[PDB]
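> based on what follows, work out the 3D shape:
(chains A, B and C)
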Amino acid sequence: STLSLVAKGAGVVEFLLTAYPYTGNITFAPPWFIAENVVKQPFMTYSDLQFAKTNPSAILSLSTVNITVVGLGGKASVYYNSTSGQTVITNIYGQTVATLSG
Amino acid sequence: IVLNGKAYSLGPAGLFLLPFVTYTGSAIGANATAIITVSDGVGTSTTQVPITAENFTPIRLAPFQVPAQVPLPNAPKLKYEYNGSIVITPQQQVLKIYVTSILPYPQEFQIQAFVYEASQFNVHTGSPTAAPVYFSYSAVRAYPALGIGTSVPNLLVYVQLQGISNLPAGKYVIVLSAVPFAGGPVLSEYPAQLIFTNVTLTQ
Amino acid sequence: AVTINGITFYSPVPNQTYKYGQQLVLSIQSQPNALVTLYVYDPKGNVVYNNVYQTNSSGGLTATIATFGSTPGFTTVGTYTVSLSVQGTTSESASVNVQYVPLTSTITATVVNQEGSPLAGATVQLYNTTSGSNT
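Numbering: from 1, shown residues only, chains lettered A, B, ... in the order given. The relevant structure is shown in the block below.
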């Protein structure tokens, strides 16, 4: 049963990103303030759930099925959708732009 | 996200950034443009103000009291309470502020000057308690540099008003707002407006 | 979505026209735990709606503000000032210049005879008999 778990905390999604702009130049670091709260905290269906169930905290190689991003309009998410084993990438109004096998 | 060399769109990038402005329903951010008509008393002209992702930087309104090259990012995004008293002598027809931006910033825009009484803006709240009693604008056409010594990308913004004979003496609360030029650029943050509470105009 | 920065206004957006019967719903992703006194001033500058809300941890407020066109003061044409007075330690402001549309109604009287040609000179008196007496 789920008790103490691996991945019992959750990632951080920074406000100032590891993103770069483009227009014609890739360079510059523009203020990324992802507008008026990210509401935070990636959640994940543990990859080896059944034994993760009894792990107090151990180091596994998880496969993450939400990353929480909330700005203006809707909310974007990124995640290696473990269910069909396919990286689902989404938008801040949300569409699957990519299903990348493995 | 361009993973391994393959662009994977994540939706509109202006929504991930601030500044962003959908002014009068018309959205402007990073990788935008405003073509603006300006049809005036001298005839007509039309400027073109193209917006670039890497012109991004907050556009502050800071008062006289704060120097031009000195930022306020530890005051609020929207409005900081200026509780000091500007004395406008009757040799002055102009409101002095510093628009602070610490990047070359070329984008042309305006300051709307929405004048109010301090019974028309309750000085015990942040309420403009009616529709602007008089509106007058200053189109402030920014300059990335025309040479530091000629025009500086830190601007001395001197809001002149037509109808300063349609405004007489009285204790005002004035709302200056970094405003797009009627469909103009992305603007505003730290703080987006500056609202001057114990001003006393004197003509 | 517009933002005068500090308030992500999902709605309203500047210079928006609200309809007869339409609901304002105050959807603003703003800063947690602040005193958001929305004064919905009508074009005469009195508070026909006013209520102080508080944004949650997510940041979204959801509150149906006003029912236009069914309350006195959401009946008057012209520019409303949708004024947020955000009271925290350091107070901030927002001014949104929004509109409304007026109304009136029209009724028709048709006459016809057994020859099938519309009569010209038939007087038709229209009284407002709602009161229970010929207004």
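> distance check, residue C:36 against residue B:89.
38 Å (Cβ to Cβ, to the nearest Å). All C-beta spots, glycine's among them, are computed from the backbone N, C-alpha and C.
> have a look at these two and say which one is more surrounded.
residue C:36 (24 against 7; other Cβ atoms under 10 Å in any protein chain shown).
> what is the more buried one paired to in the beta sheet?
Here residue C:36 sits in beta bridges with residue C:53, residue C:86, going by DSSP bridges.
> near the nearest residue to residue C:5 once chain neighbours are set aside, how many other residues are there?
Nearest residue to residue C:5 in three dimensions, chain neighbours excluded: residue B:189, at 3.8 Å (Cβ to Cβ, 6 or more residues apart in numbering or on different chains). Using other Cβ under 10 Å, residue B:189 has 25 neighbouring residues.
> what residues are up against residue B:189?
By Cβ atoms under 8 Å, 6 or more residues apart in numbering or on different chains, the residues touching residue B:189 are B:18-19, B:58-60, B:77, C:5-6.
> need the residues of chain C near chain A, please.
Proximity of chain C to chain A, by Cβ under 8 Å from any Cβ of the partner chain, involves residues C:1, C:3, C:6-8, C:10, C:29-32, C:57-59.
> separate out the buried members of those.
Those of the residues of chain C next to chain A that meet the buried threshold are C:1, C:3, C:6-8, C:10, C:29-31, C:59, by 16 or more other Cβ atoms under 10 Å in any protein chain shown.
> before we move on, the earlier item: among the contacts of residue B:189, which one has the most neighbours?
Ranked by the number of neighbours (other Cβ under 10 Å), the contacts of residue B:189 place residue B:18 first, at 30 neighbours.
> surely that residue forms part of a strand?
No: counting by DSSP: H, G, I helix; E, B strand; the rest coil, residue B:18 falls outside a strand, being coil.
> all helices for chain A, in order.
Remark: helices assigned in chain A by DSSP state H are A:49-52.
> and the residue sitting nearest the centre point of chain A, its phi and psi?
Central residue of chain A (Cα atoms, centre = their mean): residue A:67, 2.2 Å from the mean position. Per-residue torsions, residue A:67: phi -130, psi 120 (degrees, to the nearest 10).
> over to residue B:54?
Main-chain dihedrals, residue B:54, degrees, to the nearest 10: phi -90, psi 20.
> contacts only, for it.
A:21, A:23, A:25, A:27-28, A:30.
> at 10 Å what do you get?
By Cβ atoms under 10 Å, 6 or more residues apart in numbering or on different chains, the contact set of residue B:54 is A:20-30, B:30-31, B:103-104.
> follow-up on the earlier one: report the contact partners of the residue nearest to the centre of chain A.
By Cβ under 10 Å, 6+ apart, the contact list for residue A:67 reads A:10-11, A:13, A:41-44, A:76-80, A:90.
> if we use 8 Å, what do you get?
A:11, A:13, A:42, A:77-79.
> measure residue B:198 to residue C:39 for me?
22 Å.
> look at those two and report which has more neighbours.
Neighbours per residue (other Cβ under 10 Å) separate residue B:198 from residue C:39, with residue C:39 holding more: 23 against 14.
> dump the residue contacts of the residue most central in space within chain B.
Most central in chain B under Cα atoms, centre = their mean is residue B:178, positioned 1.6 Å from the mean C-alpha point. Residue B:178 makes contacts with B:59-61, B:99, B:109, B:111, B:187-188, B:192-193, as judged by Cβ under 8 Å, 6+ apart.
> return only those of those found close to chain C.
Intersecting the contacts of residue B:178 with the contacts of chain C gives B:188, B:192-193 (criterion: Cβ under 8 Å from any Cβ).
> can I get the residues you listed in CSV with distance to residue A:62 and neighbour count?
Formatted as CSV, these follow (distance: Cβ to Cβ, whole Å; neighbours: other Cβ atoms under 10 Å in any protein chain shown):
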residue, distance to residue A:62, neighbour count
B:188, 40, 28
B:192, 41, 29
B:193, 45, 24
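> which of these fall within strands?
Mapping the ones next to chain C among the contacts of residue B:178 onto strands (DSSP state E) picks out residue B:193.
> save the ones next to chain C among the contacts of residue B:178 as TSV, and put in distance to residue A:99 too.
Shown next, in TSV, are the ones next to chain C among the contacts of residue B:178 (distance: Cβ to Cβ, whole Å):
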residue	distance to residue A:99
B:188	39
B:192	40
B:193	45
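> measure residue B:24 to residue B:188 for me?
Applying Cβ to Cβ to residue B:24 and residue B:188 gives a distance of 14 Å.
> partners of the helix or strand containing residue B:35, with directions?
Secondary structure from DSSP states H and E places residue B:35 in strand B:32-40. Its sheet considered, strand B:32-40 pairs with strand B:43-51 (antiparallel) by DSSP bridges.
> so what's residue B:141 up against?
If you count contacts by Cβ under 8 Å, 6+ apart, then residue B:141 has residue B:108 around it.
> tell me the contacts of residue 59?
Went with chain A since none was named. Per Cβ under 8 Å, 6+ apart, neighbours of residue A:59: residue A:6.
> that was the other one, I meant chain B.
Counting by Cβ under 8 Å, 6+ apart, residue B:59 touches B:19, B:99, B:101, B:105, B:178, B:187-189.
> just to revisit the earlier point, relative to residue B:147, which of the contacts of residue B:178 is nearest.
Taking Cβ to Cβ as the measure, residue B:147 sits nearest to residue B:99 out of the contacts of residue B:178, at 18.9 Å.
> quick revisit: how about the contacts of residue B:189, which pair is most distant?
B:59 and C:6 (13.7 Å).
> just give me the neighbour total for residue C:114.
By other Cβ under 10 Å, the residues close to residue C:114 number 5.
> quick check: the gap between it and residue B:111.
For residue C:114, the distance to residue B:111 (Cβ to Cβ) stands at 74 Å.
> please name the nearest non-neighbouring residue to residue A:57.
residue A:6 (6.3 Å).
> thought that neighbour was touching residue A:54?
No: contact between residue A:6 and residue A:54 fails when scored by Cβ atoms under 8 Å: they sit 9.8 Å apart.
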